[PDB]
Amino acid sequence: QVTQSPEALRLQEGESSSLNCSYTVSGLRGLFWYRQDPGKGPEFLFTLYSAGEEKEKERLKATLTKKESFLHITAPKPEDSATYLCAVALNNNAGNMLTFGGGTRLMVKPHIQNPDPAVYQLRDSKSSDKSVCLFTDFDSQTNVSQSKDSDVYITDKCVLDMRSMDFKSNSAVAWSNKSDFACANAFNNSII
């Protein structure tokens, strides 16, 4: 039995934290930490065999006791957002297979230095038949809800990073097939 806590973690850029991985058994062969991008293969981080063991690479530091393992993450960046998986090899197991914990879904919310919330209408595509509204440059404490219309569709918020300008911005897209579709009634009861 291997348990991970919390199931989900929401951290701010630079907000240090710890990930727990408890294992009820006794008889460890090895405790492993992996980082997984959604849909991608788990990427190996550290192996700990023994209590009092510790390993460090970059912003990550793994420690081990008789009961659990901690994954310390100091001053995280938005690139550190992933599902962090803890796995154990055990004497009680029927061989060398790994038993994974449920994982910790880590989300590192970037800091928006200059927030300028604005709604813009985009130019219609001659092939699309659809109209697109863009809610952008809002702060990280501001999010967008699901649509309250059968015709209008609101996407989730999403962050992009302009590397050359070192600029990070939040954005949400709204669209409909209606001719009477306006951006004013698109996000009227959608901004939360």
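Note that residue numbering begins at 1 and tracks the sequence as displayed.
Looking at mean Cα B-factors across 75 to 83 and 115 to 123, the upper value is held by 115 to 123. Higher average CA B factor: 179 to 187, of the stretches 17 to 25 and 179 to 187. Within the listed group 35, 57, 40, 148, the record reports its top CA B-factor for 148. Out of 48, 45, 144, 134, it is 144 whose C-alpha atom has the highest B-factor in the PDB entry.
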